[PDB]
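Engineer: Following this line is target_25.txt, made up of compact mmCIF, C-alpha atoms and all ligand atoms:
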# COMPACT_ATOMS: atom_id res chain seq x y z
CA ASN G 9 28.34 11.93 -0.12
CA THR G 10 25.23 9.55 -0.32
CA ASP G 11 22.57 11.16 -2.61
CA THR G 12 19.57 9.30 -1.11
CA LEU G 13 19.88 9.25 2.78
CA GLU G 14 20.78 12.96 2.85
CA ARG G 15 17.35 13.69 1.15
CA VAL G 16 14.97 11.16 2.84
CA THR G 17 15.89 12.11 6.46
CA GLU G 18 13.58 15.03 5.64
CA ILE G 19 10.78 12.43 4.83
CA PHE G 20 11.28 9.89 7.64
CA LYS G 21 10.93 12.36 10.56
CA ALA G 22 8.01 14.33 8.89
CA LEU G 23 6.03 11.05 8.80
CA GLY G 24 5.52 11.24 12.66
CA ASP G 25 1.76 11.82 13.16
CA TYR G 26 -1.02 9.36 12.58
CA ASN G 27 -3.37 12.16 11.17
CA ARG G 28 -0.89 13.26 8.52
CA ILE G 29 -0.33 9.81 7.06
CA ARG G 30 -3.99 8.51 7.46
CA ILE G 31 -4.77 11.04 4.70
CA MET G 32 -2.06 9.65 2.34
CA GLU G 33 -3.14 6.12 3.02
CA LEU G 34 -6.46 7.22 1.37
CA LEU G 35 -4.95 9.45 -1.49
CA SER G 36 -2.84 6.44 -2.54
CA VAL G 37 -6.07 4.72 -3.54
CA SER G 38 -8.47 7.69 -4.10
CA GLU G 39 -7.96 11.55 -4.14
CA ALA G 40 -9.66 14.18 -1.97
CA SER G 41 -9.17 17.96 -1.31
CA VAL G 42 -9.01 19.68 2.17
CA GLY G 43 -12.77 19.84 2.34
CA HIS G 44 -13.62 16.18 1.33
CA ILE G 45 -10.52 14.88 3.43
CA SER G 46 -12.16 16.78 6.40
CA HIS G 47 -15.43 14.79 5.77
CA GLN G 48 -13.90 11.32 5.05
CA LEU G 49 -11.41 11.57 8.00
CA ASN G 50 -13.35 13.73 10.50
CA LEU G 51 -10.73 16.65 10.48
CA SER G 52 -11.31 20.40 10.51
CA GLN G 53 -11.00 22.32 7.18
CA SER G 54 -8.87 24.97 9.06
CA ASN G 55 -6.51 22.23 10.27
CA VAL G 56 -6.22 20.36 6.92
CA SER G 57 -5.75 23.90 5.31
CA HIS G 58 -2.37 23.69 7.12
CA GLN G 59 -1.60 19.75 7.30
CA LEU G 60 -2.15 19.40 3.46
CA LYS G 61 0.26 22.34 2.85
CA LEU G 62 2.85 20.86 5.17
CA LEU G 63 2.61 17.40 3.41
CA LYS G 64 2.99 19.25 0.21
CA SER G 65 6.18 21.08 1.67
CA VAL G 66 7.70 17.53 2.52
CA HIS G 67 6.63 16.46 -0.99
CA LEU G 68 4.51 13.35 -0.06
CA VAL G 69 1.55 15.62 -1.24
CA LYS G 70 0.69 17.65 -4.36
CA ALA G 71 -1.97 20.31 -4.98
CA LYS G 72 -3.72 20.79 -8.41
CA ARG G 73 -6.56 22.96 -9.90
CA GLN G 74 -9.65 21.05 -11.27
CA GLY G 75 -12.91 22.66 -12.56
CA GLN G 76 -13.96 24.73 -9.47
CA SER G 77 -11.67 23.46 -6.56
CA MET G 78 -8.06 22.48 -5.79
CA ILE G 79 -7.70 18.63 -5.68
CA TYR G 80 -4.95 17.10 -3.57
CA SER G 81 -3.06 13.85 -4.22
CA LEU G 82 0.34 11.97 -3.72
CA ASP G 83 3.35 13.45 -5.37
CA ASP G 84 4.40 10.15 -7.14
CA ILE G 85 4.26 6.32 -6.71
CA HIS G 86 7.49 6.23 -4.64
CA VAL G 87 6.08 7.30 -1.34
CA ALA G 88 2.64 5.86 -1.94
CA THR G 89 4.52 2.50 -1.93
CA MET G 90 6.53 3.58 1.26
CA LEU G 91 3.21 4.54 2.99
CA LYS G 92 1.43 1.22 1.82
CA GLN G 93 4.25 -0.80 3.43
CA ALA G 94 4.16 0.94 6.82
CA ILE G 95 0.48 -0.15 7.09
CA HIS G 96 1.51 -3.65 5.90
CA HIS G 97 4.22 -3.98 8.56
CA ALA G 98 1.70 -2.79 11.18
CA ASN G 99 -1.19 -5.13 10.27
CA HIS G 100 0.10 -8.74 9.83
CA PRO G 101 -2.79 -11.18 9.14
CA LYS G 102 -0.73 -14.12 10.67
CA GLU G 103 2.07 -14.25 13.21
CA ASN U 9 -11.20 5.93 14.43
CA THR U 10 -7.85 4.25 13.66
CA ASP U 11 -7.75 0.36 13.88
CA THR U 12 -3.99 0.28 13.22
CA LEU U 13 -2.80 3.84 12.60
CA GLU U 14 -1.27 4.57 16.00
CA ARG U 15 0.56 1.22 15.74
CA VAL U 16 2.02 2.79 12.48
CA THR U 17 3.33 5.94 14.28
CA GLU U 18 4.85 3.22 16.48
CA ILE U 19 7.13 2.35 13.37
CA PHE U 20 7.79 6.07 12.71
CA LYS U 21 8.95 5.92 16.34
CA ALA U 22 11.71 3.76 14.99
CA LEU U 23 13.07 6.33 12.27
CA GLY U 24 13.97 10.05 13.08
CA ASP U 25 17.84 9.68 12.97
CA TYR U 26 20.55 9.42 10.22
CA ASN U 27 22.85 6.30 10.32
CA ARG U 28 19.97 4.24 11.98
CA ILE U 29 18.47 4.11 8.45
CA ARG U 30 21.79 4.44 6.51
CA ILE U 31 22.46 0.97 8.07
CA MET U 32 19.12 -0.25 6.84
CA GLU U 33 19.59 1.19 3.31
CA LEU U 34 22.59 -1.29 3.13
CA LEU U 35 20.61 -4.25 4.92
CA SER U 36 18.23 -3.52 1.99
CA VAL U 37 20.85 -5.18 -0.31
CA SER U 38 23.28 -7.08 2.00
CA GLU U 39 22.96 -8.11 5.83
CA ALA U 40 25.62 -6.86 8.32
CA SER U 41 26.24 -6.79 12.18
CA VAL U 42 27.75 -4.43 14.92
CA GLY U 43 31.38 -5.18 14.15
CA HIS U 44 30.96 -5.14 10.30
CA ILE U 45 28.46 -2.17 10.23
CA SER U 46 31.22 -0.30 12.31
CA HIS U 47 33.64 -1.31 9.54
CA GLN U 48 31.41 -0.88 6.44
CA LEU U 49 29.69 2.53 7.46
CA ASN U 50 32.83 3.72 9.50
CA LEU U 51 30.75 3.73 12.84
CA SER U 52 31.56 2.59 16.46
CA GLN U 53 30.79 -0.57 18.56
CA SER U 54 29.48 1.15 21.73
CA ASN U 55 27.06 2.93 19.44
CA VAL U 56 25.91 0.03 17.15
CA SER U 57 25.34 -2.03 20.40
CA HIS U 58 22.63 0.66 21.08
CA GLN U 59 21.20 1.32 17.55
CA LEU U 60 21.11 -2.32 16.16
CA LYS U 61 19.46 -3.11 19.60
CA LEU U 62 16.90 -0.19 19.39
CA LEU U 63 15.90 -1.14 15.84
CA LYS U 64 15.84 -4.79 16.88
CA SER U 65 13.56 -3.85 19.81
CA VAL U 66 11.27 -1.75 17.52
CA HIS U 67 10.90 -4.53 14.84
CA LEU U 68 12.54 -2.78 11.83
CA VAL U 69 15.49 -5.09 12.57
CA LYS U 70 15.84 -8.97 13.46
CA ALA U 71 19.06 -10.75 14.69
CA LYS U 72 20.05 -14.50 13.90
CA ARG U 73 22.59 -16.46 16.09
CA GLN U 74 25.66 -17.93 14.48
CA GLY U 75 27.44 -19.42 17.57
CA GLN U 76 29.14 -16.55 19.41
CA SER U 77 27.99 -14.15 16.52
CA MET U 78 24.68 -12.78 15.52
CA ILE U 79 23.97 -11.76 11.88
CA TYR U 80 21.23 -9.05 11.58
CA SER U 81 18.57 -8.05 8.97
CA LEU U 82 15.41 -5.96 8.29
CA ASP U 83 12.35 -7.58 9.97
CA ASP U 84 10.54 -8.30 6.74
CA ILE U 85 10.23 -7.09 3.05
CA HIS U 86 7.63 -4.51 4.31
CA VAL U 87 10.23 -2.41 6.24
CA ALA U 88 12.86 -3.12 3.46
CA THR U 89 10.23 -1.51 1.10
CA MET U 90 9.61 1.53 3.31
CA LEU U 91 13.33 2.63 3.42
CA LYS U 92 14.12 1.68 -0.41
CA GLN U 93 10.97 3.59 -1.58
CA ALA U 94 12.15 6.63 0.44
CA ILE U 95 15.67 6.15 -1.12
CA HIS U 96 13.65 6.53 -4.45
CA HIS U 97 11.81 9.87 -3.86
CA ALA U 98 14.95 11.49 -2.46
CA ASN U 99 16.35 11.82 -6.23
CA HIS U 100 14.67 11.00 -9.55
CA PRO U 101 17.35 10.40 -12.28
CA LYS U 102 17.36 9.13 -15.90
CA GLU U 103 17.84 5.41 -16.59
ZN ZN W 201 5.74 -6.80 8.23
ZN ZN W 202 9.42 10.03 -6.39
Reformat the file's structure so that it appears as structure tokens.
Ligand SMILES: [Zn+2]
Ligand SMILES: [Zn+2]
Structural biologist:
Amino acid sequence: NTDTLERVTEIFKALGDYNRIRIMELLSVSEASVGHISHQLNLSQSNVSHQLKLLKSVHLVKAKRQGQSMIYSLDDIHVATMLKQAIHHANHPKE
Amino acid sequence: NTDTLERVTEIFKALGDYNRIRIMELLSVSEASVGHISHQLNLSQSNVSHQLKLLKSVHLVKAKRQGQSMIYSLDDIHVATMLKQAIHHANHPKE
């Protein structure tokens, strides 16, 4: 018994594609849906119609209705702060 | 276009396994090495001499020499923030 480990193993393998995370990267500062995400990040709407639903099913992502589309966003500040710090580890301004 | 992103899958290609990051969970409050990880997580020395070394050689981990010993750590507060923010979206309890 561990509580934490035995529930983020599910996160820390699902992270493993640069496309997936490049989207949450952006969401963590500004929200887009499948169709805007496809414009901003050069991805197909068919493809994001299945990557956004997967991110959602590992709970880094959340869907919501708004006016006359479904907006997508980060589930909560936890993993937005995980995902910020992977970029920070990968881009040192001075070594 | 990516600038850095595929160097960030290159730190996801450091995760993907259980005790590997159950170690680093604990390094995220106190620093421990091969013999003492193998004591404190009930592990084995053949094994930690491959996993402390992988993580070391994929920069989520850094050693420090103390004569015939080496103490070991996370690499910086970036990777310490990745694994502790994951260990925060795994459960969400009252405080
Ligand atoms: Zn760093
Ligand atoms: Zn959370």
Engineer: Quick one: residues within 7 Å of region 21-36 of chain U, all atoms listed in the file counted, chain neighbours fewer than 3 positions away excluded, as a PyMOL selection string?
Structural biologist: (chain G and resi 13+17+20-21) or (chain U and resi 17-18+39-40+59+63+66+81-82+88+91-92)
Engineer: Next, the residues of the selection above should be written as a compact mmCIF listing (two decimals), in the coordinates of the input with C-alpha atoms.
Structural biologist:
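Writing done, so here's again.txt:
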# COMPACT_ATOMS: atom_id res chain seq x y z
CA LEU G 13 19.88 9.25 2.78
CA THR G 17 15.89 12.11 6.46
CA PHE G 20 11.28 9.89 7.64
CA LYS G 21 10.93 12.36 10.56
CA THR U 17 3.33 5.94 14.28
CA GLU U 18 4.85 3.22 16.48
CA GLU U 39 22.96 -8.11 5.83
CA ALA U 40 25.62 -6.86 8.32
CA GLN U 59 21.20 1.32 17.55
CA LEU U 63 15.90 -1.14 15.84
CA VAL U 66 11.27 -1.75 17.52
CA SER U 81 18.57 -8.05 8.97
CA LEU U 82 15.41 -5.96 8.29
CA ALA U 88 12.86 -3.12 3.46
CA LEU U 91 13.33 2.63 3.42
CA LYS U 92 14.12 1.68 -0.41
Engineer: Distance CA of residue 44 (chain G)-CA of residue 96 (chain G), one decimal place?
Structural biologist: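 Separation between CA of residue 44 (chain G) and CA of residue 96 (chain G): 25.4 Å.
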Engineer: What is the Cα root-mean-square deviation, to one decimal place in Å, for chain U superposed on chain G with all Cα atoms matched in order?
Structural biologist: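 Pairing the C-alpha atoms in order and fitting gives 1.8 Å.
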Engineer: For a test of reading the model, state the distance in Å between CA of residue 76 (chain U) and CA of residue 103 (chain G), rounded to one decimal.
Structural biologist: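 These two atoms are separated by 27.9 Å.
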Engineer: Select the residues contacting ligand ZN 201 (chain W) at a distance of at most 8 Å, based on all atoms listed in the file, then format the selection as a list in words.
Structural biologist: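 Final answer, ordered by chain and number: residues 93, 96, 97, 98, 99 and 100 of chain G; 83, 84, 85, 86 and 87 of chain U.
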